[PDB]
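Only one chain is shown below, in structure tokens, and it's the form deposited in one PDB entry.
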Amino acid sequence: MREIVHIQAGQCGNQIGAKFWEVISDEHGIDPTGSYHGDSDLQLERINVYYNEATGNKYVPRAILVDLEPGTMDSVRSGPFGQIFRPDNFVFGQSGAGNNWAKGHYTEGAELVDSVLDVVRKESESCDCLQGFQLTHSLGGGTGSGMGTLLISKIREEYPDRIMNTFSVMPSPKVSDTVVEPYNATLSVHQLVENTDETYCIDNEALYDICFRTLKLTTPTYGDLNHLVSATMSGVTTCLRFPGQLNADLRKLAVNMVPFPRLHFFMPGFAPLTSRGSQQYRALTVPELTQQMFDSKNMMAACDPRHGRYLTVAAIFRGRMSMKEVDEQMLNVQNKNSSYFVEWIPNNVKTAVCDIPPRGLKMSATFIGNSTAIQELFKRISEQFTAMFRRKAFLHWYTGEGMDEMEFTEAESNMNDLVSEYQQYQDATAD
């Protein structure tokens, strides 16, 4: 299990995708031209997971960039690492999908998807031992959501034995008050329960709330939101990018985290929270990192974990710190909060320590929770979907691209069944 193929689709997908590559390239000592400038052997031990080795000792991200809108292609190139991506790996259409899931999934997006598969194949056959795929996208738009889920299904049938992983950002009226986004997100969640192995739920509602109430940013920008996202994506991929034995590849992470096939939507969390101008943040202690990490205010999904139960949890501590101390604090938080873990999955919290911390920090902690409280996120979207759908508002935009109306009812039905399944295991006991 080595190579991961990374795909970013749509505006949000390419925006957070580019930020991902900027952040981890820096962690691995790689400059915008692709040259290793680092001073640690740990930075290269697993470089092959995300980068190809090119001609003159140069490293190229194993990345594929997709959008129906040409303009984002140029915005990517304009970026700090914009010249490190392979020119062959830009697949861009003529006109955007206009926030229409049906255009992304059925018409415009379907025309362009074969062009993307060819690039995927060329990168895949170039791998010695491919792990699987990661995709960054939003659920609220039309390209990332509609074309993204179509691309997932196509990849899944060509590579059925590989792991499919997504970083999927949930819509919020606080960031984009565009009323068809619950349609697009619900239609996409229906695809994601059937076609991905692991999904990180990155919730724009939570990102806004953190910036506004905790970081005290009166008017948060996408750059402010995406700062939290890049820190999170670096944290949750730490175990894949540096030597280690726990959750060290995408499949071993999956069998540790997913006890039931449909319940594969993760709540990520991060400590400490910083604001792009974090001044001289003093190092937190291990007990502080541990408490903050299980704190509702540090979750990237707008759910209260104290309203549900943890099925499984993976924690990653980064930096130089006492392994014995981490063992003690993790044991302690499981004793204090014993009623927030299911008792019928013994030893369901796994802890990794990584020596290299992220930029500008001496200590950091990353949280990956499979919690029944995530139903609060799906219930929020479901309520907005139902308010729009009962008045049949703007339905013709979708059926006009060939969608059947019964696709809306089946998607709504699936999300409500998903909510019921979380509630079922939240109420189960060991007896």
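Here the rigid core means the biggest group of C-alpha atoms that line up within 1.5 Å when the two forms are laid on top of each other. Only residues modelled in both forms are compared. Position 1 is the first residue in the sequence shown; the rest follow in order.
Across the other PDB entries of this protein whose models span the neighbouring residues, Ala283 goes unmodelled in a third or more. Taking only CA atoms, the mean B-factor in the PDB entry is higher for 45-53 than for the other of 384-392 and 45-53.
The PDB entry records a higher mean C-alpha B factor for 210-218 than for its counterpart among 177-185 and 210-218. The entry assigns its greatest Cα B factor, within the set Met257, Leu250, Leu150, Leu289, to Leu289. Each of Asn335, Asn99, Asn165, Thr238 has a CA temperature factor in the record; the biggest one is found at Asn335.
Annotation for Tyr281: C-alpha temperature factor in the highest third relative to the rest of the modelled chain, per the entry.
For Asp327, the recorded CA B-factor ranks within the middle third of the chain. Only modelled residues enter the ranking. In the deposited entry, the Cα temperature factor of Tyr340 sits in the middle third of values across the chain's modelled residues. The PDB entry assigns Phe378 a C-alpha temperature factor belonging to the lowest third of its chain's modelled residues.
In the deposited entry, the Cα temperature factor of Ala365 sits in the middle third of values across the chain's modelled residues.
In what follows, reference is made to the form deposited in another entry, a form of this protein that is not presented.
In the core-aligned comparison between the shown form and the other one, the C-alpha of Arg276 is the only one from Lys252, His307, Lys122, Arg276 that shifts by 2 Å or more.
Compared with the form shown here, the Cα atoms of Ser35 and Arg276 sit 3 Å or more farther apart in the other entry. Relative to the shown form, the CA atoms of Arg282 and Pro358 are pushed 3 Å or more farther apart in the other entry.
Core-superposed comparison between the shown form and the other one places the only run of three or more consecutive residues whose CA atoms all shift by 2 angstroms or more at 274-283.
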